[PDB]
Amino acid sequence: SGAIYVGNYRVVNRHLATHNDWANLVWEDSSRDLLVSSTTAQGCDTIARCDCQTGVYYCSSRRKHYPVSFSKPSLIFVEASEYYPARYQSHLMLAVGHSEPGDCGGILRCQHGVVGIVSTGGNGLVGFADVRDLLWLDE
Ligand SMILES: NC(=O)[C@H]1CCCN(C(=O)Cc2cccc(Cl)c2Cl)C1
Ligand SMILES: [Zn+2]
């Protein structure tokens, strides 16, 4: 579990969205596994605007923060699941690191702020859904 709270917005994994998120929907994209909903209270997470390829992520399955090197956002094939058929997930970044289902929602951060959230993983790898291109979250 996990989410990003910036201004009057809440960013979560699309496959974990609640009834409230769908009733206060701003934007959603199945190919990115993202959903953004409106909030009554102001959020104070800083979103990063960079091309950093190193950072630190939180892993709930180990109660630990781990440093990682990660790839540039791209189209990566994701195996069929209970939430989606077999497809290409866009804007995804991979790193060598531990993850298990339950770690989705964990935040990835560099020195400039929030880079993205855990969305896929396995085989000794972890996948992060990038958010640095969504400039409307700040304005
Ligand atoms: N983004 C997707 O399509 C997900 C949906 C849930 C299923 N999924 C996975 O990769 C499962 C998983 C295994 C090991 C580590 C992690 Cl963090 C995860 Cl999410 C694809
Ligand atoms: Zn950065």
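Here, every reference points to the structure presented above.
Residues numbered from 1 in each chain as written, not as in the entry; some residues may be left out. Chains lettered and ligands numbered in written order. Heavy atoms only, no water.

Participant: What exactly am I supposed to notice about the coordination of the zinc ion (ligand 2) here?
Facilitator: As a benchmark, a tetrahedral metal site with four donors has ideal angles of 109.5 degrees, while an octahedral site with six donors has ideal angles of 90 or 180 degrees. In the first shell of the zinc ion (ligand 2), the protein supplies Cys50 (SG), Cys52 (SG), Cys110 (SG) and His112 (ND1), at 2.1 to 2.6 Å from the metal. Note that the zinc ion (ligand 2) binds 4 donor atoms; their angles at the metal cover 101 to 121 degrees, and the shape is tetrahedral. In the primary structure, the donors to the zinc ion (ligand 2) are separated according to the pattern C-x1-C-x57-C-x1-H. Taken together, the positions of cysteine 50 in the loop between β3 (34-44) and β4 (54-59) and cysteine 110 in strand β8 (residues 107-110) put the pair 60 residues apart, joining distant regions of the chain. With relative accessibility at 24%, the residue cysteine 50 sits in the partly exposed group. Using a relative accessible area of 10% as the deciding quantity, one classes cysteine 110 as buried. (Donors = N, O, S within 2.8 Å, 3.2 Å for Na, K, Ca; no water. Tetrahedral: all angles 85-135°; square planar, octahedral: opposite > 155°, others 65-115°. Helix = DSSP H or I, 4+ residues; strand = E, 2+ residues; numbered from the N terminus. Buried < 20%, exposed > 50% of the residue type's maximum accessible area, 1.4 Å probe, protein only.)

Participant: Whenever I open this one, the site of ligand 1 confuses me. Can you help?
Facilitator: Around ligand 1 there are 16 residues in total, and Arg87, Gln89, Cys104, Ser119 and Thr120 lie nearest to it. At 3.2 Å from a nitrogen atom of ligand 1 is found a side-chain nitrogen or oxygen belonging to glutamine 89. Contact between ligand 1 and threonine 120: an oxygen atom at 2.7 Å from a side-chain N or O atom of the residue. Protein contacts shield 86% of the accessible area of ligand 1, which totals 470 Å² for the unbound molecule. Here ligand 1 is seated within the largest pocket. (Near = heavy atom within 4 Å. Polar contact = N/O pair within 3.5 Å; in protein donor to acceptor, adjacent residues only side chain to side chain. Areas by Shrake-Rupley, 256 points an atom, 1.4 Å probe, with all protein chains shown as cover. 1 Å grid on protein atoms, 1.4 Å probe; cavity = no way out; pocket = protein on both sides within 12 Å on 5 of 7 lines; lining within 4 Å. Sits in = over half its atoms within 2 Å of the grid points.)

Participant: Can you help me understand the sheet that holds strand β7 (residues 87-96) in this one?
Facilitator: Across a sheet, strands are paired by hydrogen bonds formed along the backbone, either parallel or antiparallel in direction. As summarised here, the arrangement of the 7 strands in space is β5-β4-β8-β9-β10-β7-β6, forming an open sheet in which the pairing is antiparallel. Of all the strands in the sheet, just β5 (64-69) and β6 (74-78) have a single pairing partner and so form its edges. With direction set aside, neighbouring strand axes in the sheet form an average angle of 50 degrees. In this structure, β8 lies alongside strand β9 (residues 113-122), joined through 4 bridges in antiparallel fashion. The residue of β9 that forms the bridge with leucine 108 is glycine 116. (Pairing = 2+ DSSP bridges. Axes fitted to C-alpha atoms, helices over the stretch in contact; angles between N-to-C directions.)

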